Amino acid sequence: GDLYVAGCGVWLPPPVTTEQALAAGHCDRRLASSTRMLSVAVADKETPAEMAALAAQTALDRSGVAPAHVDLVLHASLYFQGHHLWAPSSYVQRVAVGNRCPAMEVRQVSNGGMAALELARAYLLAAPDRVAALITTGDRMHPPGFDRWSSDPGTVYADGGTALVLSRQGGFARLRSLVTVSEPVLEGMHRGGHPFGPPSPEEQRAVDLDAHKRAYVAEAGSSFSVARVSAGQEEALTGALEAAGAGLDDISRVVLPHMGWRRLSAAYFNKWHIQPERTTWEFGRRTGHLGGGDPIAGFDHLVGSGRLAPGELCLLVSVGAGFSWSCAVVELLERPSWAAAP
């Protein structure tokens, strides 16, 4: 019944600094100041499945899991994967695993990685003989259909891949809890059309979330909008902590989404009263938002850098547009052979 993290890894393209973004007029100084971002991973020619596959190779090698024991492949993403009517999950399988288990996509906007983890956990527990599952994420947020800095002001989107190997047999960390909360009444906040009617039939030029958020608040009211988002976040946090038998004071590290400083302050630092030094803030602000993969990149970072110690608890915090929230408590059991000692 127990579930473990057997391996994890990332593939991040080289960073583009905020200074170089300012120089190119991709970012203004107000956004630079409000987000306090330092750099964002930006890919040149690598596409999403390629980057996911590269992360899966690292995660699988670190795990020591045989390909015959990978019983599910789930690839999560939030933006165009490059080729319509093509199966990026099958590319990840062919290149990174080389086996024949089911391989498919799971999507839940910036929460896709945790959504895939929920489905992976269920899949592994539904049959007594299953062993491990591979979860990957990958996205590429290029200039013609997406604006990395202002398509969704307050969050700077990154290119890159992440991967995690979940196992029933064992691993270096134990999953103590995972909870997902859904508040679909917020659905219309990220689309055109009436917030409570059907979606408008036209849009794919350049994502402009800011326009839709204001239209949603106008129709639903700021009071309602702020409250429901707050309530969803609180349900996921307290649900995960209660399921793990922990309180926030038992948590050593908090893996937060890689959003800008203003957003993280309002949602987490000034609400929960935690210090940034207890989170992945410094990592995320040089990385950027990796679509649905931030919890994986952040946990991988904490472990690989030795910032998390055996016996310590880690809290994964993730959120997506629907809205959907996931929180997980992960217990580090031992330092993996790939990790730096402090």
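Counting begins at 1, following the sequence as shown. Take the two forms, find the largest set of C-alpha atoms that superpose within 1.5 Å, and that set is the rigid core.
Larger root-mean-square CA separation from the shown form, computed after a rigid core fit of the structures in 5 other deposited structures of this protein, is seen for 195 to 203 when 195 to 203 is set against 258 to 266. Higher mean CA temperature factor, per the PDB entry, when comparing 9 to 17 with 318 to 326: 9 to 17. Mean CA temperature factor is higher for 212 to 220 when stretches 225 to 233 and 212 to 220 are set side by side in the entry. The top Cα temperature factor in the record, among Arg94, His142, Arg121, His75, falls on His142. In the PDB entry, the Cα temperature factor peaks, among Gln204, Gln108, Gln81, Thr180, at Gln204. Annotation for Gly64: CA B-factor lies in the lowest third of the chain's modelled residues. Split the chain's modelled residues into thirds by C-alpha temperature factor. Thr35 is in the highest one. Ranked by Cα temperature factor within the chain, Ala43 sits in the highest third according to the deposited record. Placement of the Cα temperature factor of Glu242 within the chain: middle third of the modelled residues, per the deposited record. Per the deposited record, the Cα B-factor of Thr280 falls in the lowest third when ranked against the other modelled residues of its chain.
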